[PDB]
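model this:
(2 chains)
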Amino acid sequence: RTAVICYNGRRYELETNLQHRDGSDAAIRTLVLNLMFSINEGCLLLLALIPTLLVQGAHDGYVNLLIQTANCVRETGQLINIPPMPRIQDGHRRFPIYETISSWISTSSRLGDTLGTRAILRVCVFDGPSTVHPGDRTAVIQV
Amino acid sequence: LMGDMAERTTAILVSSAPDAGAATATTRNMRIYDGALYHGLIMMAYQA
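Numbering: from 1, shown residues only, chains lettered A, B, ... in the order given. There you are, the coordinates:
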């Protein structure tokens, strides 16, 4: 704006509306900020493995499905290149990949709890029925 | 026909891999070899 769902084999349609333009950008800024605090120095060594992930997606089965949805990794791995990385400043001491994948889980354990809502309860039916159809009371326990 | 000659008949061995419809990352090491005589000839029953 500023520029169907399947579940258990059943489709639904959304009726979500945008009646103004302030909350849209209050969410866009958070999306872009959290999308911007993920990139780091060690990310380039992960970026050089795209031609190798492309061959492991042809050698394996689980990776060949992961590569289809990656609408970027599937396009860069045959269209862009990178020369080898420079020598790590004080490389005898530190480790960049540990940094780039330690400071990556934080900004992902928050992306849900900021673009949406947290989880407050979870269904624990000790002796009641197993599943719950629309309109039937459950037994929950707060998180 | 002395301006269009034919020096010798030779032997060809064209190598190739299977087509897209039979491709894996495992059958590409299973090359196909084919032979064709160049300027050779095919005979009827041999008089001999």
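
residue B:35 in helix, strand or coil?
strand (DSSP: H, G, I helix; E, B strand; the rest coil).

if I pick it, what's in contact with it?
Applying CB atoms under 8 Å, 6 or more residues apart in numbering or on different chains to residue B:35 gives the contacts B:11-14. C-betas here are computed from N, CA, C, even on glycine.

now distance to residue A:94 too, for those residues, in TSV please.
Putting the contacts of residue B:35 into TSV (distance: CB to CB, whole Å) gives the following:
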residue	distance to residue A:94
B:11	63
B:12	60
B:13	56
B:14	55
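
restricted to strands, list the residues you listed.
Residues of the contacts of residue B:35 located in strands (DSSP state E): B:11-14.

which single one of those is nearest to residue A:23?
residue B:14 (65.9 Å; CB to CB).

of the ones in strands among the contacts of residue B:35, buried ones?
Buried by 16 or more other CB atoms under 10 Å in any protein chain shown: nothing, out of these.

re earlier: and the furthest pair within the contacts of residue B:35?
B:11 and B:14 (11.0 Å).

before we move on, back to that, closest to residue A:31 out of the ones in strands among the contacts of residue B:35?
residue B:14 (55.5 Å).

let me see the contact set for the spatially closest residue to the closest one that is not a sequence neighbour.
Counting by CB to CB, 6 or more residues apart in numbering or on different chains, the nearest residue to residue B:14 once its immediate chain neighbours are dropped is residue B:34, at 5.0 Å. Residues in contact with residue B:34 (CB under 8 Å, 6+ apart) are B:13-14, B:16.

residue A:41 contacts residue A:96, correct?
Yes: between residue A:41 and residue A:96 there is a contact under CB atoms under 8 Å: 4.9 Å.

and the two? Which one has more around it.
residue A:96 (18 against 15; other CB atoms under 10 Å in any protein chain shown).

ranges for the strands of the chain?
Picked chain A for this. A:5-7, A:10-12, A:121-123, A:140-142.

that was the other one, I meant chain B.
So, for chain B - with DSSP E - the strands run B:10-16, B:32-38.

can you tell which of those is closest to residue A:131?
strand B:32-38 (55.5 Å).

what about the closest one, distance to the chain center?
Centre-to-centre, strand B:32-38 and its host chain are 2 Å apart (CA atoms, centre = their mean, to the nearest Å).

one step back: could the strands of chain A go into TSV alongside distance to chain B?
Below are those laid out as TSV (distance: least, CB to the nearest CB, whole Å):
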stretch	distance to chain B
strand A:5-7	31
strand A:10-12	34
strand A:121-123	43
strand A:140-142	49
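
nice, that's everything, thank you.
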